[PDB]
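Engineer: below you'll find the sequence and an experimental structure to go with it.
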Amino acid sequence: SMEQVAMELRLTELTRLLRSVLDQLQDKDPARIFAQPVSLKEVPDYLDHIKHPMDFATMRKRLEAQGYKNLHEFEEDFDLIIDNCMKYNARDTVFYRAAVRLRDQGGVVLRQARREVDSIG
C-alpha cells in the first residue's frame, strides 16, 4: 500500500538523521574506546558483569538495517555504551573518564536531534 511506503520513507529519513547523529557522537570518542565490542577473548568475565554490551560498530549495524524505529531506541543503545563502561571500570581510569566526556559532549548533540525529530516528524 501507499501508506506502507510512506511509513518506510519516514523510517529511511530517520535513519539518515540518526546516521549523522551517530557520526557526530563518535567524533566525541577520538581515542576509539567505544568503537568496537569488548572482546571476550581479552575480557573473559565481561558478560558476568555487563548483561547488554554495546558499542558504536554494533549500533552502526543496527542503523544500516534500519533497525531504530525512533530516537528513544537509538538513545537507549548510546546510554548502554556509557553506562556499561561506568560500571565495569573505576572512576580513576581512562575508560571511565572517556565515558563521562562522551556523555557530556553527546548530550548537546542529542538535545538538538530530539528537536529535529519532533520538528520534521
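Structural biologist: Yes, it's here. Numbering: from 1, shown residues only.

Engineer: tell me what the one helix or strand residue 87 maps to is packed against?
Structural biologist: Using DSSP states H and E, residue 87 falls within helix 71-88. On a contact count with 3 or more CB pairs under 8 Å, 6 or more residues apart in numbering; DSSP states H and E, helix 71-88 meets helix 2-27, helix 46-49, helix 56-64, helix 94-120. All C-beta spots, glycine's among them, are computed from the backbone N, C-alpha and C.

Engineer: can you tell me what sits against the shortest one?
Structural biologist: So that's helix 46-49. With CB atoms under 8 Å, 6 or more residues apart in numbering as the contact definition, helix 46-49 has outside contacts at 38, 40, 53, 87-88.

Engineer: closest one of the residues you listed to residue 15?
Structural biologist: Ranked by distance to residue 15 (CB to CB), the contacts of helix 46-49 are led by residue 53 at 22.8 Å.

Engineer: ok, now which ones touch that closest one?
Structural biologist: Counted by CB under 8 Å, 6+ apart, residue 53 has contacts 37-38, 46-47, 80, 84.

Engineer: picking that back up, tell me which of the helices and strands packed on helix 71-88 lies nearest to residue 71.
Structural biologist: That would be helix 94-120 among the helices and strands packed on helix 71-88, by CB to CB, at 4.9 Å.

Engineer: any buried residues in the closest one, and which?
Structural biologist: Judged by neighbour count (16 or more other CB atoms under 10 Å), helix 94-120 contains these buried residues: 96, 98-99, 102-103, 106, 109-110, 113, 117.

Engineer: just give me the closest of those to residue 75.
Structural biologist: residue 110 (6.4 Å).
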